[PDB]
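Protein chains in written order, with the deposited numbering: chain D, 1 to 13, 24 to 69; chain D', 1 to 13, 24 to 69; chain A, 3 to 287; chain A', 3 to 287; chain B, 11 to 261; chain E, 5 to 129; chain C, 1 to 238; chain C', 1 to 238. A prime marks a further copy of an entry chain.
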Amino acid sequence: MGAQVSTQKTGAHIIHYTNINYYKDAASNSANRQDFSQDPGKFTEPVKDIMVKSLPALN
Amino acid sequence: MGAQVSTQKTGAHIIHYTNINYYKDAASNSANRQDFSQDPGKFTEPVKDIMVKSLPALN
Amino acid sequence: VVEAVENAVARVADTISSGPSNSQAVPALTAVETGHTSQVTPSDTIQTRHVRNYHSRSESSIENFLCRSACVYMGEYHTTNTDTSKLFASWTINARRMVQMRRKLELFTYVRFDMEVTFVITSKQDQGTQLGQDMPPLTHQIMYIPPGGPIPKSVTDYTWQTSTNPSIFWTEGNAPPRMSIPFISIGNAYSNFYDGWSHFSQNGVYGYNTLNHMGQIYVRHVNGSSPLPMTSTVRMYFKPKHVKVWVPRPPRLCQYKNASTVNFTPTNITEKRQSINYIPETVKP
Amino acid sequence: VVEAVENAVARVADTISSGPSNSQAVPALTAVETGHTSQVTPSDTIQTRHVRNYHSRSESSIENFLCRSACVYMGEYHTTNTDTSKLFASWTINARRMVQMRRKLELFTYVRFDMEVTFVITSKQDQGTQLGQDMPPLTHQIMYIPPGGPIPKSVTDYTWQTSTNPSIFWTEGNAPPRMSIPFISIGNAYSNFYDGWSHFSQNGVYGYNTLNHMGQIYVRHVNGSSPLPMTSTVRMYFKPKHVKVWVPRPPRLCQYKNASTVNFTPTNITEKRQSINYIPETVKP
Amino acid sequence: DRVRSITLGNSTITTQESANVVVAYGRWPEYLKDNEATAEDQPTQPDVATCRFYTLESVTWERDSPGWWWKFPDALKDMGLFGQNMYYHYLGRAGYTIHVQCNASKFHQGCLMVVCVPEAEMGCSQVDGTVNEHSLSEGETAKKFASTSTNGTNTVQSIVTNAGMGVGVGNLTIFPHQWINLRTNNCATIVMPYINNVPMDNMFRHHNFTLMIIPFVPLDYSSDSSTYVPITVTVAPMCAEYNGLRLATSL
Amino acid sequence: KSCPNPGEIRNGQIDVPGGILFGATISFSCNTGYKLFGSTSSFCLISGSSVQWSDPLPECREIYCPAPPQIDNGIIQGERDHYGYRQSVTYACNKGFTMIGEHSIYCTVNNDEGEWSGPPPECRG
Amino acid sequence: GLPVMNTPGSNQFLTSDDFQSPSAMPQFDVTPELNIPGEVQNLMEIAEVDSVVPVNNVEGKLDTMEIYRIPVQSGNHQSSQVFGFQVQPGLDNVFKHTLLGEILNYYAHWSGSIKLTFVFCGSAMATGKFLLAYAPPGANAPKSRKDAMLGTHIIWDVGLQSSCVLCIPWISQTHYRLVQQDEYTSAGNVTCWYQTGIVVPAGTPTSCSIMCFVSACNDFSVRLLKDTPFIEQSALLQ
Amino acid sequence: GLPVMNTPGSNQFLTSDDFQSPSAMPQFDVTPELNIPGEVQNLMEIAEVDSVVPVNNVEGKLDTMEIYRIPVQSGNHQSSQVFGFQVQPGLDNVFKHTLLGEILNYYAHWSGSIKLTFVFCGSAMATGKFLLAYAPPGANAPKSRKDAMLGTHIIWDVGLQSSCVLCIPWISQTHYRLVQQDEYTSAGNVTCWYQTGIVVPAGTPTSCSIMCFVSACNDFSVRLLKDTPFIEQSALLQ
């Protein structure tokens with residue numbers, strides 16, 4: 001009835027849960043604890059020219 | 001089971027909510043906070059002949 | 003069976019670009035004598051850049067504006083007294099004793115809506131010499147007397163049998179008592195204003211009191227008397243749902259005097275400044 | 003209608019095998035002068051075995067990190083007093099009076115999020131000579147005063163009619179009062195920091211106080227006075243949901259002084275050891 | 011690989027021992043687009059009169075010298091037609107290109123950190139006090155850190171190790187930065203987009219960012235190497251708009 | 005009219021809360037570890053053919069801890085004068101003696117006066 | 001029965017919540033609707049209507065119709081400023097009681113542009129040209145027409161079409177502006193000066209009057225409902 | 001109505017629960033997002049950034065920039081150890097205040113490998129070779145280069161490319177390690193020795209400096225959120 005069945009957090013080495031929203035406002039939802047994304051090269055490698063990890067950093 | 005899944009209020013720059031009515035009377039429903047309509051020309055321009063915003067208001 | 007409802011969002015108009023102009027099109031010169039309000043977007047007077055405008059006029063619709071609860075009456079009643087008419091509260095229904103929701107509703111001449119009514123009932127032990135007792139939770143009855151029914155004369159009346167009048171029993175400590183009310187009127191819209199009389203000889207009572215007769219409300223303590231006095235205060239909250247409104251009016255300026263009439267004292271239009279040219283200088287080291 | 007949502011789990015990178023090497027590829031020699039952080043996995047410096055790595059960086063995402071409730075204000079108010087301004091609590095809203103959530107939020111310069119606000123309100127009977135009474139359950143009102151509304155002057159004010167300000171009535175003994183709050187800001191992100199003034203003459207107030215004006219909160223006992231004094235303490239808990247964050251900053255080192263400014267006393271970088279060569283000997287019979 | 015040239019406006023910069031170019035967060039300066047904009051009127055975009063290389067006076071790296079900081083803008087406010095549009099206009103937006111230039115021989119040694127800090131809100135010397143504006147910025151004259159904890163009313167607590175913001179001065183590597191290691195390079199370049207939480211923002215009120223130059227490893231030399239080693243800073247706006255014209259401000 | 009630029013007190017600080025225009029005062033301070041020999045404030049007054057500063061710039065001269073208190077049955081590794089702020093003094097015991105306590109004392113400044121740390125060590129027989 | 005579990009916020013009364021609730025009059029039969037003229041469907045339809053602006057609200061003229069009309073005369077008065085007032089549609093005494101102002105004062109933020117329409121109310125033979133200028137904030141109000149000339153202005157020629165619209169555009173950094181404006185979200189100030197002056201033949205009066213009508217453009221919006229400070233009581237039955 | 005039945009854990013307030021909750025500002029219209037540069041999406045992106053490490057944190061140098069630089073000189077100093085410190089990225093005073101350390105101290109377990117990058121900061125004509133060794137735990141720290149030679153080491157030749165990365169791999173039995181490390185989950189210790197020494201021509205200084213930057217490899221992870229011991233107050237308004 002407007003549901004959504006997503007996957008639970010299980011470890012690696024009957025796992026689906028159900029969500030329904032009741033309120034008219036997205037500021038009433040749960041938290042988005044299941045988005046895991048990254049882009050460290052933004053802070054780790056913020057340089058104009060690339061550096062290829064097996065060539066001298068200069069030269 | 002007699003439901004209706006409408007859209008939430010999100011800003012611009024998982025958003026559907028579910029409604030079911032339980033009572034036998036429409037005076038028991040929620041409020042219609044998601045109808046946005048307008049017609050200002052009723053109060054703003056209540057004149058017999060039109061005025062076209064780039065011609066003199068007279069003449 | 004699930005049904006998908008479509009809800010369109012109404013943004014406000016974007017700003018179209020513009021450039022220089024040298025033409026006989028005068029979008030500025032007009033004539034207010036026609037009772038017409040100029041439609042001059044900024045892009046008509048100056049050079050504007052294209053601006054996608056995402057703002058919305060949602061929280062200013064009439065439903066979003068009015069559908070908020072507000073108190074419209076406060077009344078006190080005692081468990082024990084020596085008056086027998088202070089043991090229960092009673093009042094005729096109108097939204098007109100509190101200035102806030104009154105003034106809010108009175109930007110329009112005819113308002114047609116359902117309501118959601120809530121009651122906040124709070125008892126206190128009366129100050130005295132010998133306090134201390136074990137009284138059980140108080141429970142209250144709220145009866146609605148439509149126009150015509152018999153009205154109570156004591157808290158031990160027969161009328162509180164509420165055979166057909168609707169009434170609520172609520173035992174203190176729970177969530178407030180709330181219910182919903184249709185458009186209980188005989189006109190086709192609640193008329194906030196009325197320029198007329200009741201009698202055809204052009205006399206009688208003038209204005210609002212003529213039109214709207216919606217009956218009374220009577221609140222009481224069901225429990226019984228009390229070893230030591232206590233006093234309860236009931237506040238009533240109206241929240242209009244499914245709201246339709248017609249013929250807007252200028253907001254009230256002068257302060258309200260009574261709930262019967264629109265009588266007033268004359269007030270100034272606005273408050274003064276030093277001159278007509280006065281803008282304060284605020285960029286100063 | 004059921005909808006299946008796909009949730010991908012982000013493991014950390016496995017260890018690829020390696021062998022001897024004799025080449026002109028120097029994955030170790032670099033130059034930090036370029037503002038670039040070397041990417042040298044162990045398999046570049048030594049001989050590693052293939053290791054399927056199942057670990058996850060889930061509990062370190064920003065949503066998992068910040069979305070935990072934390073107290074941000076504690077305030078007391080009495081049922082009866084001789085001050086009439088200690089009968090209700092009041093405070094301007096900021097996350098900046100408690101060091102824990104302050105320092106937590108202040109690893110980033112701009113934080114944009116919704117919140118889930120909870121209140122923990124706990125009354126105690128004030129110590130005195132003549133205790134003993136039967137007071138009913140206390141109920142409390144929590145009003146939010148946006149920036150501009152009229153603020154109360156007593157617990158019997160008119161403002162507590164809360165016609166448009168949102169406010170919560172809660173009768174002690176139930177689950178705490180919780181509600182949810184959107185991104186109520188005029189910028190495009192809450193700016194934890196601000197290197198600037200309010201007035202254009204480059205003076206005024208410096209830093210955070212300039213930017214963020216979110217109004218006040220006022221808490222009171224609805225019941226009324228009390229035969230014998232009692233005092234209630236309200237704690238407010240913020241939990242940011244739907245969290246977005248920008249421009250990280252080094253964590254604070256020196257202790258906080260006040261909630262207005264970032265003023266501090268200088269502290270040491272870190273604590274001392276005996277020498278620069280000192281490692282303690284812990285394998286000893 | 012080490013040679014480089016940067017041509018902005020009617021100005022050029024040549025360099026022969028450059029390490030690389032930090033682009034702040036992988037992001038280049040750009041103009042305000044139509045859907046992220048909030049002001050109605052048409053902006054000025056002078057484009058060659060304002061987006062060029064303005065050179066601030068240079069500081070002498072001594073053997074015992076804690077560091078230096080500048081605040082941008084309010085450093086370029088008396089520089090040409092950037093510092094004039096910046097007067098006549100209410101709202102301004104721009105990114106920058108900061109080129110720091112310090113050269114020494116092969117018998118000298120040292121190491122500077124060159125770091126751009128967004129919203130570098132600073133802390134007064136008396137903990138229960140308020141900074142001045144002079145104590146945050148002298149224009150094109152740099153303010154100087156101190157090797158010990160400073161005193162005096164209204165003046166930033168400018169002991170180097172805390173960098174005046176209350177953090178650790180070695181963690182500043184989280185911000186866009188470079189080093190000048192007098193054994194490898196002799197210039198650092200940081201390309202800094204417009205980082206702020208509103209689309210455009212006033213230019214006299216808000217010090218959009220702070221440039222700190224902090225020698226971690228100090229100077230040194232032997233018998234008669236050159237005693238005088240200066241540092242020169244060049245800043246060049248990029249994609250500079252202004253909006254909201256009226257009569258000129260005054261301070 | 006504007007007075008000439010105040011200047012720069014090294015190991016110190018100049019606080020100009022109201023500009024350098026006519027009749028504007030400025031204050032002088034010295035960092036932690038230096039004593040201020042000179043004037044404390046300076047005004048923008050009329051000087052002959054211009055407006056200049058009331059008082060010249062002062063000097064922040066280093067605060068010194070006194071010579072470290074010697075210990076019996078002990079020795080100091082290369083004892084020196086001019087023990088400024090944050091500088092150290094290392095002790096040692098002699099043949100047949102055992103060292104107790106802080107084996108080295110570091111000079112700090114308290115109340116604007118140089119002061120060593122806790123007492124030097126002891127040498128037991 | 002079903003195992004439920006009550007979350008915080010249970011058994012509270014939040015003034016601005018919309019739940020369902022039992023009808024106390026079941027199977028009521030409401031009165032058929034009526035197509036009464038003039039139905040409002042938004043409040044920004046009451047704020048796009050012109051409203052005479054009490055500009056001349058000096059003391060001694062606040063309960064007079066004279067508060068509504070700006071005095072203008074003939075002669076060499078080019079040094080004098082006709083009028084001037086801050087742009088504060090919810091806080092300035094000039095605006096806070098218009099339709100725009102009284103509608104704003106129920107809200108806490110406002111964005112959009114404004115339309116000020118001026119009506120020359122003198123003879124049919126008087127002729128003049130006026131300069132109407134808006135100055136985005138950042139510097140003190142202009143004190144001469146050479147400074148007002150630099151703003152965002154219009155030059156209104158008085159002729160057959162009597163009135164002229166100065167549309168104050170939306171120049172701001174924040175997408176919105178408080179209604180209780182401070183000097184962070186300041187908005188500017190408008191000022192009016194003679195461009196050539198008033199010229200009248202013989203036998204017509206020399207002292208004429210202007211009037212100013214404020215309305216909101218088609219991109220105005222208000223948000224964050226609040227209470228209005230303009231109504232107040234001291235007991236029930238009021 | 002429906003028969004429900006309340007389970008234990010009802011009407012409690014668990015700090016780390018995520019339920020839905022009524023909006024106190026219904027139909028609010030939030031400010032449009034802005035593509036502000038530099039958005040963080042994880043905390044292991046702040047811990048993969050280099051950070052200067054206060055190795056020389058002897059007493060008397062803790063509030064000096066001298067804490068950051070390792071002294072190195074020319075001559076027959078092969079018997080002397082340059083530096084050495086335990087591997088305890090959340091507890092050792094050398095590490096607990098880096099970006100890696102300050103990010104770890106919000107968590108209770110940590111796994112992964114670490115990258116220590118050394119920067120020679122002397123003349124452009126000084127030349128030396130250094131030995132940088134990591135010793136997995138099990139035996140006291142090496143006290144001679146013949147023992148450090150047996151570890152997991154690297155020999156860094158100082159030349160054009162100034163800096164050199166010693167990547168401390170992850171050798172452990174437990175998949176994770178406490179942040180408040182004990183001698184069960186000990187991690188080892190690193191130590192640095194001259195391999196040939198420093199050689200300088202005439203007219204260059206003899207006393208040079210190294211510096212050490214710590215960062216986390218691309219397989220690092222932390223878990224079990226906790227509070228950080230580094231911030232503390234003694235009353236509200238702080």
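Ideal placement from N, C-alpha and C gives every residue a C-beta, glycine not left out.
| Minimum Cβ-Cβ distance from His77/C to chain A less than 9 Å | In the seventh sequence, residue 77/C corresponds to position 77, counting from 1. Closer than 9 Å: no.
| request: Please determine, among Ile60/D, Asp45/D, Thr54/D and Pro56/D, the residue with the shortest C-alpha to C-alpha distance to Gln41/C'. | output: As a first step, residue 41/C' must be located in the eighth sequence, where it is residue number 41. Comparing Cα-Cα distances from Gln41/C' to each of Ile60/D, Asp45/D, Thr54/D and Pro56/D, the minimum goes to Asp45/D.
| query | Where does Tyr56/A fall in DSSP's three states? | reply | One-based indexing of the third sequence puts residue 56/A at position 54. Note: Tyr56/A maps to coil in three-state DSSP.
| Secondary structure of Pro128/B, DSSP reduced to three states | Locating residue 128/B in the fifth sequence gives position 118, counting from the first residue. Residue state, collapsed to three classes: strand.
| task | Would you kindly work out how many angstroms separate the C-alpha atoms of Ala30/A' and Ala114/B, rounded to a whole number? | result | One-based indexing of the fourth sequence puts residue 30/A' at position 28. One-based indexing of the fifth sequence puts residue 114/B at position 104. Looking at the two C-alpha atoms, the distance is approximately 27 Å.
| query | What runs of the beta strand (DSSP E), each 3 residues or longer, lie entirely inside the segment 118-202 of chain C? | reply | 129-135, 152-157, 163-168 and 189-194
| Should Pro168/A' and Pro8/C be called a contact, given that it needs their Cβ atoms to be closer than 9 Å? | Along the fourth sequence, one-based indexing puts residue 168/A' at 166. Along the seventh sequence, one-based indexing puts residue 8/C at 8. No, the Cβ-Cβ distance between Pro168/A' and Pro8/C is not below 9 Å.
| request: Give the range of the beta strand (DSSP E) segment to which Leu49/E is assigned. | output: By 1-based counting over the sixth sequence, the position of residue 49/E is 45. Element bounds for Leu49/E: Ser45 to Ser51.
| message | Could you check whether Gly254/B and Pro142/C sit closer than 9 Å to each other, using their CB atoms as the reference points? | response | On the seventh sequence, residue 142/C is found 142 positions in, with the first residue counted as 1. On the fifth sequence, residue 254/B is found 244 positions in, with the first residue counted as 1. Between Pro142/C and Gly254/B, the C-beta gap is not smaller than 9 Å, which leaves the two residues out of contact.
| query | Taking 9 Å as the CB-CB cut-off, is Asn39/D touching chain A'? | reply | Position 29 of the first sequence, counted from the first residue, corresponds to residue 39/D. By this cut-off, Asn39/D is an interface position.
| Which residues in the same chain as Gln102/A place their Cβ atom closer than 7 Å to its Cβ, once the five residues preceding and following it in sequence are excluded? | The residue you call residue 102/A lines up with position 100 of the third sequence. Excluding residues within five positions, the ones whose Cβ falls inside 7 Å are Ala72.
| request: Check the DSSP bridge columns for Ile123/A and list the partner residues they point to. | output: Position 121 of the third sequence, counted from the first residue, corresponds to residue 123/A. BP columns for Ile123/A point to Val236/A.
| field | CB contact flag (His26/D', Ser38/D', <9 Å) | value | In the second sequence, counting from the first residue as 1, residue 26/D' sits at position 16. In the second sequence, counting from the first residue as 1, residue 38/D' sits at position 28. In this structure, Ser38/D' does not lie closer than 9 Å to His26/D' by Cβ.
| field | Proximity winner among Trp170/C', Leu100/C', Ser209/C' and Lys61/C', relative to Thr127/C' (alpha-carbon distances) | value | By one-based count along the eighth sequence, residue 127/C' stands at place 127. Residue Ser209/C' is the option with its Cα nearest to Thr127/C'.
| request: Scan the segment 229-278 of chain A and note each continuous beta strand (DSSP E) run of 3 residues or more that stays entirely inside, going in chain order. | output: Here the runs fully enclosed are 232-250.
| request: Name the residue from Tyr196/A', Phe185/A' and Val224/A' whose alpha carbon lies nearest to the alpha carbon of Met216/A'. | output: Taking the first residue of the fourth sequence as 1, we reach residue 216/A' at position 214. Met216/A' has its Cα closest to that of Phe185/A', out of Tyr196/A', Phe185/A' and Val224/A'.
| task | Would you mind working out which of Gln257/A', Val236/A' and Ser63/A' sits nearest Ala91/A', comparing C-alpha positions? | result | Residue numbering aside, residue 91/A' sits at position 89 when the fourth sequence is read from its first letter. Ranking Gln257/A', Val236/A' and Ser63/A' by Cα distance to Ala91/A' puts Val236/A' first.
| query | Using a Cβ-Cβ cut-off of 8 Å (strictly less than) and excluding sequence neighbours within five positions of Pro240/B, which residues of its own chain qualify? | reply | Within the fifth sequence, numbered from 1, the residue matching residue 240/B stands at position 230. Excluding positions up to five away in sequence, the list reads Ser68, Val69, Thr70, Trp71 and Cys112.
| task | Please classify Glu35/A: is it buried, with 16 or more other beta-carbons within 10 angstroms of its beta-carbon, or exposed? | result | For the purposes of this step, residue 35/A is identified with residue 33 of the third sequence, where counting begins at 1. Exposed: under 16 other Cβ atoms inside 10 Å.
| task | Output, in sequence order along the chain, the residues in the segment 65-93 of chain E whose CB is closer than 7 Å to any CB in chain C'. | result | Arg90 and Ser92
| field | Chain-ordered residues of the segment 36-58 of chain E with a beta carbon less than 9 Å from chain C' | value | none
| message | Please list, in chain order, the chain D' residues whose beta carbon lies closer than 7 Å to that of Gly151/C. | response | Start at 1 with the first residue of the seventh sequence, and residue 151/C comes out as number 151. Within chain D', no residue comes near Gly151/C; the closest Cβ sits about 24 Å away, beyond 7 Å.
| message | Taking only three categories from DSSP, how would you classify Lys106/A'? | response | Start at 1 with the first residue of the fourth sequence, and residue 106/A' comes out as number 104. Residue state, collapsed to three classes: helix.
| said: For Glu118/A, which residues in the same chain have their Cβ closer than 7 Å to its Cβ, ignoring the five residues on either side in sequence? | reply: The sequence position of residue 118/A within the third sequence is 116, counting from 1. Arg180, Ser182, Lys241 and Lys243, listed in sequence order.
| task | Closer than 8 Å, Cβ to Cβ, to anything on chain C': give me those residues from the segment 171-191 of chain A', in chain order. | result | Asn176, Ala177, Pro178, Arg180, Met181, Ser182, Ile183, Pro184, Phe185, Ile186, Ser187, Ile188, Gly189, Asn190 and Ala191
| Beta-carbon contacts of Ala97/A that lie in its chain and below 7 Å, excluding the five residues immediately before and after | What you label residue 97/A is simply residue 95 of the third sequence in a count that begins at 1. Only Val74, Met103, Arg104, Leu107 and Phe240 meet the Cβ criterion.
| query | Whose CA, out of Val72/C', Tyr184/C' and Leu91/C', lies closest to the CA of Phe83/C'? | reply | Counted from its first residue, the eighth sequence places residue 83/C' at position 83. For the residues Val72/C', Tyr184/C' and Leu91/C', the minimum Cα distance to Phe83/C' belongs to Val72/C'.
| In its own chain, which residues sit with a C-beta less than 8 Å from the C-beta of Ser123/C, not counting the 5 before and 5 after it? | Translated into positions along the seventh sequence, residue 123/C becomes position 123. So the qualifying residues of the chain are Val200, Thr204, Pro205 and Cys208.
| How many Å lie between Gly175/A' and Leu230/A' at the Cα? | Along the fourth sequence, one-based indexing puts residue 175/A' at 173. Along the fourth sequence, one-based indexing puts residue 230/A' at 228. Looking at the two C-alpha atoms, the distance is approximately 20 Å.
| Which residues, in order along the segment 7-29 of chain C', keep a beta-carbon less than 7 Å from a beta-carbon of chain A? | Answer set for the segment 7-29 of chain C': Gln27 and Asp29.
| field | Straight-line Cα distance separating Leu89/A from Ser156/A | value | Position 154 of the third sequence, counting from 1, holds the residue named residue 156/A. Position 87 of the third sequence, counting from 1, holds the residue named residue 89/A. A straight-line Cα-Cα distance of about 8 Å links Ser156/A and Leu89/A.
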